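Here the structure is laid out as structure tokens; the discussion comes afterwards.
Protein chains in written order, with our numbering: chain B, 8 to 129; chain W, 8 to 129; chain Z, 324 to 434; chain F, 324 to 434; chain Y, 189 to 382; chain U, 189 to 382.
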């Protein structure tokens, strides 16, 4: 299975973007949880958000991204994440990881997407 | 395997008949219980008797046929039922069914024979 | 000793319905009961043994329910091929009993 | 809530040697933890889930140890194919946490 | 007017533990010496009255409850015990009076093919109060999504069948259990010994 | 200033039994009426104090230890008890004070693929002293030739994983357990009921 990423392009600071996570070979069933993480070009991994793919998605957020970001499931094989008010420190590679247990939170990430690069520059 | 029955024919009132149940594809082992039931042309099922094919047969009779009927095993694959003094109400289809547990009585009837027609008339 | 009665005598519903048949015993017979099905001109066929377990090769539409003195059989979907007669057998104590089988219930599927 | 740290920042040990990486949590996380490995320009790969169990297809050299608040991961022998960055994840309580992942440890195999 | 112990004890088929029978014994003389030939290997450990002096005593009202259980579960039929049978099938009051009898019945209730007619309740919302029978067959919801009559995962049928294995020890063999509940009330004595 | 019972009881994931969690409760009012919505089907059997009159009483210091065990092993959490969990995972002192609570959590800690994240210690040199934790993962030497880090024949890993099987009864289901230890010492009262 694959979780190829899209919607990654250069954006001027103080604008909005909307990345998409698309599955292949499976659909977002209630068994597994989804998450979005990011990695700066020179730093370590940072967790951004998680959404459940069940009857009642338990959407979570990191403290540093309490309200800036918005993650939502839009179809059976597409989950999108939207950011607003981007700054020069938001440039990074974003990965759409899939969880292995829906305990309302990001558990072990068994499968990862290739990730796409988002850069913020004027 | 089958239990085709024989000896079904018209008998004048106040006479006697001896029907025979013959097993096909197996012989009367001690693990199973045999039974005879009857059904009127337009009424429900009525149970007549049972004999166990073990070392000590637990012959059982219904109340309505306490002394009129008599069931006996005669060979390794043949069990006969004989009635005396058939009346006008004894016309029916007689089935030779096989049980599935030897609890000294008719348990669930897993296998049924095609049954034979016995009519009483002048 | 133990005598059962089966009700109703006859039932009728369109093809889409569910039928329920009741069989009640004079005394408690616990879990020993059997629901048989007889089509016209055929020997009866076992449907429900042990009052809950489906027989072998029986479609998963006949649900047995209840225990003690009241038992019910329910067909959740009839298909014009279930028009037959249904019987309940006590198989509990057959020492001095007039008839183990209950009365006959005739089912009519008016498709 | 739970803030985690990983040490050392960078290590360098010969090919036949052993390397050890420690990861410590502020509050007790019991057994919930996972060690991931990321090669340059690659998505991270799960190595040690549940803090002791090896993942599928991972060589039998990465051993995890410790529980509660302090954990260690050890490579008993490097072979120049294990130069990457290793991360520890709490996966215990993420209601309000800035980052589940710990800091990165860059491992250099001085073959 | 001897009490009807033989029909309760020498019955060919006993009830399943969940749907246990209940019989009333009244207006008769009860004898205990007979309960050696009808019940071999009996075990009359019991509560509320000394077994040795049961001969010279009168009982106001007697209830007999009979069923079939496993060999190792017979210890669960006792006041204050906790377990599967005690919680979901047959619960006895703490201040119980009357005597329990259990005897091995491998020769009577074991089949070569396998006994699949004796059932016991395995899932239940809450423990039974003393002396209460649950004959419901409603599907059990062990998860979060409603079962709606489907028997998939996290949706189990509450009743299971006894898989007797006589090849193993007596803990895997069918034991027939008969419980007598005595009492002493305002009514004059009607059931007495010989 | 309400005590943090919500955090302890309504935590999404509890600790493994061998590495049980520990929490301190102090300088707050403890309300026990909350322990019905958060913990269904609980069993509040406990030691050292009457559970009902806990409302009008003051406790010197309260410790809360939480973990997850099997259904059949819940009876091993009691002073003086002997077994696997009692010896090698969690020992309660004989003069124990405080109350234990256990509730079924099949709806929270059961996975279709299989729960392999909860571990328990199976081998050990000697029984745990009361209130002690052993997180060592040293390979266990069950023979004569030293293991030297090998896990081959006669050389076993001391920790195993709980294989919950909800198909069976509640005896094979994950039960969440929280043990509260009160006390009475020279320090003045700081935790009291409403």
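Here a beta-carbon is modelled for each residue, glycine too, at the ideal position from N, C-alpha and C.
When you compare the CB of residue i with every CB in chain W, is at least one pair closer than 9 Å?
i	result
residue 324 of chain Y	no
residue 369 of chain Z	yes
residue 366 of chain Z	yes
residue 387 of chain Z	no
Just to make sure I have the definition right: I need the residues of chain Y whose C-beta is within less than 9 Å of the C-beta of residue i. Which are they?
i	result
residue 375 of chain Z	307, 325, 345 and 347
With 9 Å as the threshold, decide whether the Cβ of residue i is near any Cβ in chain Y.
i	result
residue 351 of chain U	no
residue 382 of chain U	no
residue 335 of chain Z	no
Which stretch, first to last residue, makes up the beta strand (DSSP E) that contains residue i?
i	result
residue 385 of chain Z	385–388
residue 292 of chain U	286–292
residue 249 of chain Y	That residue, residue 249 of chain Y, is in no beta strand (DSSP E); it is neither H nor E in DSSP.
residue 344 of chain F	342–348
residue 189 of chain U	Unbroken run through residue 189 of chain U: none, as it is neither H nor E.
residue 394 of chain F	393–398
residue 371 of chain U	That residue, residue 371 of chain U, is in no beta strand (DSSP E); it is neither H nor E in DSSP.
residue 332 of chain U	No beta strand (DSSP E) contains residue 332 of chain U, which DSSP labels as neither H nor E.
residue 76 of chain W	76–80
residue 127 of chain B	Premise fails: residue 127 of chain B is in no beta strand (DSSP E) and is neither H nor E.
residue 326 of chain Y	Taken as a continuous stretch (DSSP letters only), residue 326 of chain Y belongs to no beta strand (DSSP E), as it is neither H nor E.
Indicate whether at least one CB of chain B lies closer than 9 Å to the CB of residue i.
i	result
residue 364 of chain U	no
residue 357 of chain F	yes
So residue i contacts chain B; which residues on that side make the cut at Cβ distance below 7 Å?
i	result
residue 422 of chain F	53, 54 and 69
residue 417 of chain F	67, 112 and 113
Give the residues of chain B in contact with residue i, contact being defined as C-beta atoms less than 8 Å apart.
i	result
residue 299 of chain U	108
In chain Y, which residues lie with their C-beta within 7 Å of the C-beta of residue i?
i	result
residue 294 of chain U	330
Below 8 Å on C-beta distance, what does residue i contact in chain W?
i	result
residue 200 of chain Y	110, 111 and 112
Pop quiz: residue i and residue j are said to be a contact at Cβ under 8 Å. What is the actual Cβ separation, rounded to whole angstroms?
i	j	result
residue 374 of chain F	residue 354 of chain F	5 Å
residue 250 of chain Y	residue 289 of chain Y	Actually they do not touch by this definition, with Cβ atoms about 13 Å apart.
residue 350 of chain U	residue 201 of chain U	At roughly 14 Å, the Cβ-Cβ gap does not stay under 8 Å, so residue 350 of chain U and residue 201 of chain U are not in contact.
residue 53 of chain W	residue 422 of chain Z	5 Å
residue 86 of chain B	residue 66 of chain B	That belief does not hold up - the Cβ atoms of residue 86 of chain B and residue 66 of chain B are roughly 11 Å apart, past 8 Å.
residue 209 of chain U	residue 203 of chain U	4 Å
residue 120 of chain W	residue 10 of chain W	4 Å
residue 413 of chain F	residue 347 of chain F	Rounded, the Cβ-Cβ distance is 11 Å, inconsistent with contact.
residue 417 of chain F	residue 113 of chain B	6 Å
residue 141 of chain U	residue 194 of chain U	Coverage of chain U is limited to positions 189 through 382, which leaves residue 141 of chain U absent and any answer about it impossible.
What residues from chain Z crowd round residue i, counting only those whose CB sits closer than 8 Å?
i	result
residue 214 of chain Y	Under the 8 Å cutoff, chain Z gives no residues; its nearest Cβ is about 16 Å from residue 214 of chain Y.
Under 8 Å between beta-carbons, which chain U residues line up against residue i? List them in chain order, please.
i	result
residue 38 of chain B	300
Is there a Cβ of chain F sitting closer than 9 Å to that of residue i, yes or no?
i	result
residue 64 of chain B	no
residue 119 of chain B	yes
residue 278 of chain U	no
residue 304 of chain U	yes
residue 28 of chain B	no
residue 15 of chain B	no
Could you name the residues of the same chain whose beta carbon sits closer than 7 Å to that of residue i, not counting the 5 residues immediately before and after it, in chain order?
i	result
residue 8 of chain B	30, 31, 32, 33 and 118
residue 44 of chain B	52, 53, 54, 55, 102 and 104
residue 369 of chain F	357, 359 and 378
residue 64 of chain B	58 and 80
residue 318 of chain U	279, 280 and 281
Would you mind reading off the limits of the alpha helix (DSSP H) that contains residue i?
i	result
residue 350 of chain U	No alpha helix (DSSP H) contains residue 350 of chain U, which DSSP labels as neither H nor E.
residue 384 of chain U	The displayed coordinates of chain U run from 189 to 382. Any statement about residue 384 of chain U would go beyond what the structure contains.
residue 102 of chain B	Taken as a continuous stretch (DSSP letters only), residue 102 of chain B belongs to no alpha helix (DSSP H), being part of the beta strand (DSSP E) at 99–106.
residue 194 of chain U	193–197
For residue i, go through chain Z and note every residue whose CB falls closer than 9 Å to its CB, in chain order.
i	result
residue 290 of chain Y	Chain Z residues near residue 290 of chain Y: none, gap ~18 Å exceeds 9 Å.
For residue i, go through chain Z and note every residue whose CB falls closer than 7 Å to its CB, in chain order.
i	result
residue 35 of chain W	Simply none; closest approach about 19 Å.
residue 339 of chain Y	Within chain Z, no residue comes near residue 339 of chain Y; the closest Cβ sits about 10 Å away, beyond 7 Å.
Under 8 Å Cβ-Cβ, which residues of chain Y neighbour residue i?
i	result
residue 391 of chain Z	207, 321 and 323
residue 351 of chain Z	203, 207, 209 and 210
With 9 Å set as the bound, which would you pick, yes or no: does the beta-carbon of residue i sit closer than that to a beta-carbon of chain U?
i	result
residue 221 of chain Y	no
residue 379 of chain F	no
At a CB-CB cut-off below 9 Å, which residues of chain W make contact with residue i?
i	result
residue 330 of chain Z	The contacting residues do not exist; residue 330 of chain Z stays about 13 Å from chain W at best.
What does residue i touch in chain W if you count any residue whose Cβ is under 7 Å from its own?
i	result
residue 372 of chain Z	115
For residue i, collect the residues of the same chain with a Cβ closer than 8 Å to its Cβ; drop the 5 residues on either side in sequence, then sort them by chain order.
i	result
residue 236 of chain U	284, 285, 286, 287 and 370
Ordered along the chain, which non-local residues of its own chain (more than five positions away) have a Cβ less than 6 Å from that of residue i?
i	result
residue 316 of chain U	279
Determine, for residue i, whether the minimum Cβ-Cβ distance to residues of chain Z falls below 9 Å.
i	result
residue 76 of chain W	no
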